[PDB]
Amino acid sequence: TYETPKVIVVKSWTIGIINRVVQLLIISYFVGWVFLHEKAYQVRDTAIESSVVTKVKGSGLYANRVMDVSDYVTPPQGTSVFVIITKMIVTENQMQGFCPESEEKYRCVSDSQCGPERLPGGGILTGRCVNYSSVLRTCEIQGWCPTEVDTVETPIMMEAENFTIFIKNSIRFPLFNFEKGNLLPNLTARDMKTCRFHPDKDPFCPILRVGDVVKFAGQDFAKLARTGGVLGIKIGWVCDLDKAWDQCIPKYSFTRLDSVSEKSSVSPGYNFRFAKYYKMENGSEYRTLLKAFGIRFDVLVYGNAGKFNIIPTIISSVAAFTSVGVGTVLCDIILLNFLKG
Amino acid sequence: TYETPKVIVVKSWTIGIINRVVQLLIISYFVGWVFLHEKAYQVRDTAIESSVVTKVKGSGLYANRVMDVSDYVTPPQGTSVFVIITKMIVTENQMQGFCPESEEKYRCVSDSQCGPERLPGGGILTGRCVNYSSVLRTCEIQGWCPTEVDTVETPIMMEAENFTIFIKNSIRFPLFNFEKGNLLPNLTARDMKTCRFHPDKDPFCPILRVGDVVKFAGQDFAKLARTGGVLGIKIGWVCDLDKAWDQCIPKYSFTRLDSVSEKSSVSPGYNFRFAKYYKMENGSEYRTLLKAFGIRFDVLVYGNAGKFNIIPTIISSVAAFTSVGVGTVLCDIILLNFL
Amino acid sequence: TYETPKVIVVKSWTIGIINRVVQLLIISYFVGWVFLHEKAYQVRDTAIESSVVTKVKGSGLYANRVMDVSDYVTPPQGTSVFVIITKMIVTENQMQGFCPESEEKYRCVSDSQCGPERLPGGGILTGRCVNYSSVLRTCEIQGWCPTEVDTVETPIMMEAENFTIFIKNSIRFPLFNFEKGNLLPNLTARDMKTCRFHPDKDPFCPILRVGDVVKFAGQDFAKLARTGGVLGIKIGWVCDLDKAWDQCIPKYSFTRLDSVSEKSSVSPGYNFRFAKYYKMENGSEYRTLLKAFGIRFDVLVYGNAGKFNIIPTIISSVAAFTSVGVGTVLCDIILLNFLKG
Ligand SMILES: C[C@@H](Nc1cc(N2CCN(C(N)=O)CC2)nc2nc(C3CC3)nn12)c1ccc2ccccc2c1
Ligand SMILES: C[C@@H](Nc1cc(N2CCN(C(N)=O)CC2)nc2nc(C3CC3)nn12)c1ccc2ccccc2c1
Ligand SMILES: C[C@@H](Nc1cc(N2CCN(C(N)=O)CC2)nc2nc(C3CC3)nn12)c1ccc2ccccc2c1
Ligand SMILES: Nc1ncnc2c1ncn2[C@@H]1O[C@H](COP(=O)(O)OP(=O)(O)OP(=O)(O)O)[C@@H](O)[C@H]1O
Ligand SMILES: Nc1ncnc2c1ncn2[C@@H]1O[C@H](COP(=O)(O)OP(=O)(O)OP(=O)(O)O)[C@@H](O)[C@H]1O
Ligand SMILES: Nc1ncnc2c1ncn2[C@@H]1O[C@H](COP(=O)(O)OP(=O)(O)OP(=O)(O)O)[C@@H](O)[C@H]1O
Ligand SMILES: *[C@@H]1O[C@H](CO)[C@@H](O)[C@H](O)[C@H]1NC(C)=O
Ligand SMILES: *[C@@H]1O[C@H](CO)[C@@H](O)[C@H](O)[C@H]1NC(C)=O
Ligand SMILES: *[C@@H]1O[C@H](CO)[C@@H](O)[C@H](O)[C@H]1NC(C)=O
Ligand SMILES: *[C@@H]1O[C@H](CO)[C@@H](O)[C@H](O)[C@H]1NC(C)=O
Ligand SMILES: *[C@@H]1O[C@H](CO)[C@@H](O)[C@H](O)[C@H]1NC(C)=O
Ligand SMILES: *[C@@H]1O[C@H](CO)[C@@H](O)[C@H](O)[C@H]1NC(C)=O
Ligand SMILES: *[C@@H]1O[C@H](CO)[C@@H](O)[C@H](O)[C@H]1NC(C)=O
Ligand SMILES: *[C@@H]1O[C@H](CO)[C@@H](O)[C@H](O)[C@H]1NC(C)=O
Ligand SMILES: *[C@@H]1O[C@H](CO)[C@@H](O)[C@H](O)[C@H]1NC(C)=O
Ligand SMILES: [Mg+2]
Ligand SMILES: [Mg+2]
Ligand SMILES: [Mg+2]
């Protein structure tokens, strides 16, 4: 039971050429694009297990003091997100009590203006108008006193341009049981004493200089250090597991993540507050309040791998034979009207 | 050499109508579902690069003291996960030494009951029984003394309902080099001074009120503040790049994430311990231990975008043409067997 | 206006059995692989919403002191990632001033050797050279003094083997509106009082012991606690929503994540520094510096679910009928060449 349809042959006369040309065009597309370029003959994996450990080094001088890594890096646990502080405003010896507010927003002349109103922001309002200075009068509050003044101008820590960052990374593709890290076996204890990362002269040393990371992202240090920002470091593992074990290597990229802040005029940077707590010999308690500007780094990891396997080869190859057989038959029917016309 | 197979024509309009109806049905399905609704003529992109910066404001009174953002928020770095503390239990001036244990599950009547048997809790057992009070007798430990009492009832900080959260977000689609943030160009300082988020009256102000978030999640503040919980805030960027640049818009949603806690009866909330360390003029050291209940927020960002292209259009058009031809040929034999 | 092709039937004994066998094989492949093993008749969902809360308990002796959870666990907010400290090196009462260095990499003979040219990350090199001991001479710096000594040997805290970890997890599949947690409805306080996890004797108690986790990962505590490392805990929710509600359960797995460290000789572990700040009755400020080695745990959640629907069923059935119809038509042309040959 063949059950094969009948077919009639036609002398070419510039029609048989069209038969072979199209029959050869489609067989080109599968070999050229589906197999050789898109690599449809192998199984892909995109779920990657990763791990990042970081460490920073360097010292600087700021406000008649020396600051080391325990002073300007928060949080200290060496994770993949951390901040480097480049500018601070400091208020010393705050205690609980009553004091006048310092900002221009809280101006009053008599006791009536500020009571239960003006509720957004500000501590608890007592309900009196007092003299902040000779020419200014503001409403009294209850809280930590004295209040801070953040309108003055302070210098930045210029030495932070030379600090170094050390990144240690490990990956694993669970489907193929493949493991590698970014510390290559060619790295010796003597090399790490002097190497620095450079994208073409030394693409594998894990030590990055802070001033260069800002440079590769197209920014300016003297301006980013004064308002703060967020920078990203990306590591990519795109590997073909047929070739060899030592052809799998990482690639680094750099960019700036908080792109809205450059063009905005209502919120241009990045800052936060924190405090340190003390206690006297008596029970009294006081603290120190700091407002900090800085640059936030974070490391992002991605990748995928492929390896030859028999099952996707058969499935895609069968579709190739089906496509040419079906493709011609439909091309025959459309050519019947073309030949009839 | 076209080599077209022979074709037989059935003059019956009774079958011609069915042939035409089926062909129109198939072409209708392709032109309506694959193209217009599913938008198969454009290239998708789902890998989004994001960034979140937050800040909190407000003051309240608790235990005859005024507390502010450096007191009730932890960790202080302004990331996308943070906690607001609404209730505390405080133990003052702990030092190292020997003391009895306060809990009733450590009851004893002689030196023999508690030895190396029960390992955890407090510190290291010493092997003696001592009077905790006039009616209770637990057995002694070594560690920070005195131990904390956990069963008393403390009030919550009611003013935490009015605190405000400010969220700043930025995205980028690397395939199309598209960048936008949730601070629209219409925003000004005067608007910043008074706006508040509302899903229909003001859907774009970045300032959120805590009570409103708890309300939108469908919860009750007087219970969430007493047991603790986890709430989620979601921002979605689903926009089409063929239209104008000023119609890619964020959408906000709210929900509660630790849904098992309210059902369960063995662990109903969220709490933790932390301490503060001091030192005397002499070398001696002491500390203050705190157990804190609170609400945890975290911001989640997702999205995808598409843009018209040529290659998917060509592929889908060729698929439609070949499906028309193949669908006809099989239906030809189908009616050939039927009739 | 209907159309049909013409069919030729040849009742060859071999051809009939061949085409029936091939058609049966195609039907078998569709009914066995596509609809049964692969479950093509249902809709998938892989976006999962999760939440994790942890808590640790235990006490131990270390350097004539008793330590508890507020001392050995950082950070303290009970999130997915945390560290347990097993070894420390402590420097007491550091203050600002001038002092000589301690590391052997800073030796002198005369003042001219170490100046601005040698940048070692030292806070500053005042430019002199001073006696450190009776047989060593390094050159002076400015910063927190005295500097720390890093090469001595310290014991590890062995009681950390018996600490316990409590994990509370909640998931939700938004598509099907499905919610469940890892605290099963038949868990009581009395069971909570004494249960421990065991992969076959008790697979649902959420209390894990640290030594058991280290063993399941395939490691050795006596040296993991001495160098440091990173371990992973995985929870997987893979369940079918056609069955009963109480058949969706979690599965636990354990592994080590920083696999590059054990095979390397330039960076074998995981450590970091942090500090505690004090100040006297005067303004004088001093601190205590600690270098910590530990084990970092982190919890990873994943899963997917499926549920019966009608649209994928219709699509797959139509595809199966078309492939059967196309398969017969295509093969017979191919079989004609076999029949002709
Ligand atoms: C191969 C390409 N798309 C295509 C399909 C096609 N057909 C479908 C099969 N078929 C049948 N089952 O009878 C014959 C008709 N004909 C075509 N002709 C062309 C030439 C550019 C003009 N591309 N192309 C593809 C599809 C589906 C694929 C699915 C997974 C991975 C790769 C694919 C890759
Ligand atoms: C179009 C729809 N699935 C379908 C396929 C089909 N065939 C395969 C192609 N083909 C050939 N290559 O000869 C003819 C036979 N015939 C059909 N008939 C129907 C009507 C509902 C009843 N849906 N449908 C699809 C598939 C694959 C798709 C792949 C990517 C994106 C969208 C797709 C969308
Ligand atoms: C079924 C299998 N792949 C296959 C396709 C095929 N085509 C279909 C279109 N078609 C048409 N439109 O005429 C006839 C030609 N023919 C085939 N023959 C074989 C032989 C067993 C090796 N596998 N196989 C598949 C495809 C597409 C699928 C899409 C989604 C999920 C599962 C799929 C699973
Ligand atoms: N949680 C909040 N509630 C109300 N207003 C806020 C909040 N956070 C920020 N703002 C307002 O948004 C504007 C931009 O904030 P920005 O990040 O620039 O703070 P800043 O101006 O650097 O310092 P400050 O905290 O004193 O405003 C500020 O004018 C501030 O008043
Ligand atoms: N790591 C752990 N090891 C052993 N038991 C634990 C652990 N964590 C919690 N539990 C027990 O689980 C129960 C539920 O704890 P929950 O999260 O409600 O904290 P809690 O009731 O405040 O416990 P505690 O008062 O001990 O902090 C408690 O009875 C506690 O004893
Ligand atoms: N940011 C950095 N800049 C320069 N060198 C670094 C940096 N981080 C680490 N190293 C060097 O890498 C080597 C391996 O680091 P690792 O942290 O494992 O050693 P370590 O014993 O902690 O060193 P150290 O005691 O100096 O911190 C060390 O010799 C260290 O000097
Ligand atoms: C950092 O090092 C450079 C030399 O590489 C030096 O010129 C510069 O002064 C240093 N940075 C600062 C701001 O001191
Ligand atoms: C080590 O191998 C890498 C990758 O092949 C190579 O780029 C590098 O130069 C090698 N290093 C040495 C010192 O041979
Ligand atoms: C405690 O003593 C300090 C001086 O050491 C004094 O300033 C303070 O007012 C006293 N506090 C109280 C509550 O008496
Ligand atoms: C918050 O402000 C409202 C007025 O807007 C006030 O009525 C309310 O009492 C405040 N919250 C609390 C709990 O005090
Ligand atoms: C700013 O632009 C958005 C559209 O991007 C618009 O919906 C909004 O109303 C504008 N702002 C105001 C305050 O009108
Ligand atoms: C140190 O002095 C304090 C009083 O200031 C005293 O209580 C303590 O016992 C002394 N230290 C020790 C270890 O005895
Ligand atoms: C933990 O408890 C076991 C008994 O269950 C005990 O033998 C062991 O010594 C304890 N751990 C350590 C290292 O002390
Ligand atoms: C609780 O139910 C599970 C099945 O959901 C069962 O395996 C387990 O044995 C039950 N608990 C006990 C203590 O038997
Ligand atoms: C305060 O006293 C300490 C000693 O306790 C001394 O070192 C310091 O110089 C004094 N500070 C002032 C400002 O006199
Ligand atoms: Mg300000
Ligand atoms: Mg308790
Ligand atoms: Mg060292």
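These values consider heavy atoms only, across backbone and side chains, with no hydrogens, waters or symmetry-generated copies. Lettering of chains follows the sequences in order, A, B, ..., and the numbering in each one begins at 1. Whatever order the structure lists them in is the order used to number ligands and atoms, beginning at 1.
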- Message: Looking only at the aromatic ring of each residue, does the gap between the centers of A/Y278 and A/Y286 stay below 6.0 angstrom?
- Response: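 Centroid distance A/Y286-A/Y278: below 6.0 Å, so yes.
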- Message: Please tell me whether C/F197 and C/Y252 form a close aromatic pair, meaning their ring centres lie under 6.0 Å apart.
- Response: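 Centroid separation for C/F197 and C/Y252: below 6.0 Å.
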Checking a contact table here: which protein heavy atom is nearest [atom], and how many Å away?
| atom | value |
| --- | --- |
| atom 14 (O) of ligand 9 | A/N282 ND2, 3.7 Å |
| atom 15 (C) of ligand 2 | C/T322 CG2, 4.0 Å |
| atom 13 (O) of ligand 2 | B/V326 CG2, 3.8 Å |
| atom 2 (C) of ligand 2 | B/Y29 OH, 4.0 Å |
| atom 6 (C) of ligand 2 | B/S323 OG, 4.8 Å |
| atom 5 (O) of ligand 14 | C/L184 CD1, 4.0 Å |
| atom 6 (C) of ligand 14 | C/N186 ND2, 4.2 Å |
| atom 1 (C) of ligand 2 | B/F30 CE2, 3.6 Å |
| atom 7 (O) of ligand 14 | C/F204 CE1, 3.9 Å |
| atom 18 (N) of ligand 2 | C/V318 CG1, 4.0 Å |
| atom 4 (C) of ligand 2 | C/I315 CG2, 5.0 Å |
| atom 34 (C) of ligand 2 | B/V34 CG2, 4.6 Å |

Would you call [X] and [Y] a salt bridge, taking side-chain N to carboxylate O under 4.0 Å as the test?
| X | Y | value |
| --- | --- | --- |
| C/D240 | C/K39 | yes |
| C/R172 | C/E179 | yes |
| C/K201 | C/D212 | no |

Please check if a non-hydrogen protein atom sits closer than 4.0 Å to [atom].
| atom | result |
| --- | --- |
| atom 9 (O) of ligand 14 | no |
| atom 23 (N) of ligand 2 | yes |
| atom 2 (O) of ligand 9 | yes |
| atom 9 (C) of ligand 2 | yes |
| atom 29 (C) of ligand 2 | no |

- Task: Start with the C-alpha gap between B/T91 and B/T288, add the side-chain angles, then the distance that decides, and say whether side chain to side chain contact (heavy atoms under 4.5 Å, CB included) holds.
- Result: CA-CA 6 Å; B/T91 310; B/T288 286; over 6 Å; no
- Message: A quick test of your reading: do over 12 heavy atoms of other residues, nucleotides or ligands sit less than 6.0 Å from CG of B/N64?
- Response: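 For B/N64, atom CG is not crowded (no more than 12 foreign heavy atoms under 6.0 Å).
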- Has C/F321 got more than 12 heavy atoms of other residues, nucleotides or ligands less than 6.0 Å from its CZ?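 At most 12 heavy atoms, drawn from other residues, nucleotides or ligands, come within 6.0 Å of this atom.
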- Query: For C/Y277, is the NZ or CZ atom of A/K276 found under 6.0 angstrom from the centre of its six-membered ring and inside 45 degrees of the ring axis?
  - Reply: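 Yes, cation above the ring, under 6.0 Å and within 45°.
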- Item | Geometric N/O contact C/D191 with ligand 14, under 3.5 angstrom |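 In fact, backbone or side chain, C/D191 has no N or O that close.
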- Message: Testing the 3.5 Å rule here: is there a donor-acceptor pair between the side chains of A/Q23 and A/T328?
- Response: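 No, no side-chain donor-acceptor pair sits under 3.5 Å.
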- Query: Which class fits the ring pair C/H198 and C/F216: parallel under 30°, tilted 30 to 60°, perpendicular over 60°?
  - Reply: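 Rings of C/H198 and C/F216: perpendicular, as their planes differ by over 60°.
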- A/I141 and A/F98: CA distance, side-chain angles, deciding distance, side chain to side chain contact (heavy atoms under 4.5 Å, CB included) verdict: CA-CA 6 Å; A/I141 70 158; A/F98 303 100; over 6 Å; no
- Item | Sub-4.0 Å atoms of ligand 9 with respect to non-hydrogen atoms of A/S284 |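 This gives 1 (C), 8 (C), 10 (C), 11 (N) as the contact atoms.
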